[PDB]
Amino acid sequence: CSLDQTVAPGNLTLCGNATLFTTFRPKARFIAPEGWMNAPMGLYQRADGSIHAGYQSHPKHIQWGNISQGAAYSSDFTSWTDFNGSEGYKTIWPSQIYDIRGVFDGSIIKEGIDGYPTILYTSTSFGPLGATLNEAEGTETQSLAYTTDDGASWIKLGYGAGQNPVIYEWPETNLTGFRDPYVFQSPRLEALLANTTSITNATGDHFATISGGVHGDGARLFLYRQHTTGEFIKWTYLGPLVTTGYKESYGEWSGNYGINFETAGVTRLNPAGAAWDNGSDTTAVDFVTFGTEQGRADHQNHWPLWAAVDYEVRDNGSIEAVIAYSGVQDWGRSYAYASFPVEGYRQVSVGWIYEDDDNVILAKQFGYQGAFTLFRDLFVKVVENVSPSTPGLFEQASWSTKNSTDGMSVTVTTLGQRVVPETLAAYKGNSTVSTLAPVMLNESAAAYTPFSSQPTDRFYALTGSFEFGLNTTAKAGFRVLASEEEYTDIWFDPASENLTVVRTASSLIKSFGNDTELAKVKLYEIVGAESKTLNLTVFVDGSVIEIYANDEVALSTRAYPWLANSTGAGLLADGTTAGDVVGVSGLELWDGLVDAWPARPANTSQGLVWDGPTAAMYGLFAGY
């Protein structure tokens, strides 16, 4: 095994465990110290204002198993510190018959058992588990634990009658899944249900959704309500909140609803951020965010979606969330988005970016798998004075339209997402910032034009505003992680409305994924404008490429170029002419970003281990 990145890569499968630990590794984002990670979990803002983030974790392995909560904290979403206890950076792990198969995703009751922060999580035990298997009741249950030391440790309730697990009965038969409890307070839902509380007797101030579905009949998000305020054992099933059809799709802008939901959450937003009104704020919109399974041919059969919903009260004292419009939270290799409230009327969302090594060819050589996305403020994006001639505007696919009284303009409403400002400020302030001159892309434009200042490593951010003619057929964008032989091309093609990431040349290492990523982006044309603009922000962080368009569209993906000099970046142009010109302005390079884990050394591998021959006997975990 040669690690010479000035020549072509050899057979890297001969390399030892964790020999490629630093080669492709993100430095500026949330990631476990080593080993396997997946979904964020247990997210909450602590009493001191800091952020506690948990994650599905399997240390010293590069496949899922014995799944536990790893945890860390930060005062600014950006610079983090690991917890360190008797189980290293783990704070919850399988330990009881009810959760021995895995401590799955869970969410936080901030004032829970004895007033302490409390996690409601999916406790798993033995048996077939999965949307495509024949799961039985008991395999997935929901259990409580609380912390008396701000997340350094958690104490589970005892096993038994009237204790853990607290939710175990399936609300309907033949479930495809029954997990990922999302606990939330909702003045909105309380106001809606207030006239029906005699029917159910459920009067608590916390609601919980559980994600699942029904075999052959589509996904379900099940709604429970805490039976009595201040008491956390009894949760009353109200009814299904969201019901979708077997592999139903709302269309090209909305992914596919699959067969089973996962990691679903419920929030309420207005243009500024989180909305905690009872329905009285006419600018507020109710949203559900959710993953779906088996409605996608690639990306691990997983769509991370969202929907705006209008709540209706059923006669039995339950809530139907009727989907008004439906979109995609991220179009790339990410999933398992969790959102949580943050002081100052914010709802912040974060997901998991998986690797692009689905055949597990170099995972051992990495010595880790997975990272988080960046943390994102959610809000209602409102675009005023939209031209009615915007192509496809009245499809109202992942947005709503409201006509002006005179019919000459439209107000567009959709889900907004933007990187939390703490991270943008820290990134910029710690980087070498190059403010670049604007560039007209015309007949003289090369296919690729390097920026006048270049990155120094694989940790940088780009921004640019691309102004297109209303009838353009030109394409433009950014090339990143680029040398002569390796590069990743991010294109927008306004004629097709497609944002693509072409990865056919991303790496000389052929075992990594190279499929083209694709997002739809609607450029809402403004009344009186003779052009349409794409604001593109790109974060390059080891192997992560995370793209944001117009504080709306997100696409996370992976690139693993071998060569040390595959770090360059610049502008892409295709079919730009004297007549079809793309004006690029607001161009800026931030080189370096932030060291997100300042206390960690460069190599935090502790080696990898094998569970031995019993892993196959038990059949629960791959074993490595």
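Start at 1 with the first residue shown and count on from there.
*So 61-69 or 581-589, which one's hotter by mean CA B-factor in the entry?*
Of 581-589 and 61-69, the stretch with the higher C-alpha B-factor average is 581-589.
_606-614 versus 8-16 - which carries the larger mean C-alpha B factor in the record_ = Averaged over C-alpha atoms, the B-factors run higher in 8-16.
_Among the choices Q96, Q369, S531, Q142, identify the one whose CA B-factor in the record is greatest._
It is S531.
*asked:* Per the entry's Cα B factor values, which of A446, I92, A131, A308 stands out as the maximum?
replied: Among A446, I92, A131, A308, the highest C-alpha B-factor in the entry belongs to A446.
*State the tercile, meaning the lowest, middle or highest third, of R346 with respect to the CA B-factors recorded for its chain.*
For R346, the deposited C-alpha B-factor lands in the middle third.
*C-alpha B factor of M41, ranked within the chain: lowest, middle or highest third?*
Its C-alpha B-factor belongs to the lowest third of this chain's values.
_Chain thirds of CA B-factor: placement of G575_ = Highest third - that is where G575 ends up once the chain's C-alpha B-factors are sorted.
*Relative to the other modelled residues of the same chain, rank the CA B-factor of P391 and answer lowest, middle or highest third.*
Ranked within chain, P391 CA B lands in the highest tercile.
_Ranked C-alpha temperature factor of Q300 among modelled chain residues, by third_ = Its C-alpha B-factor, which the entry lists for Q300, ranks in the middle third among residues of this chain.
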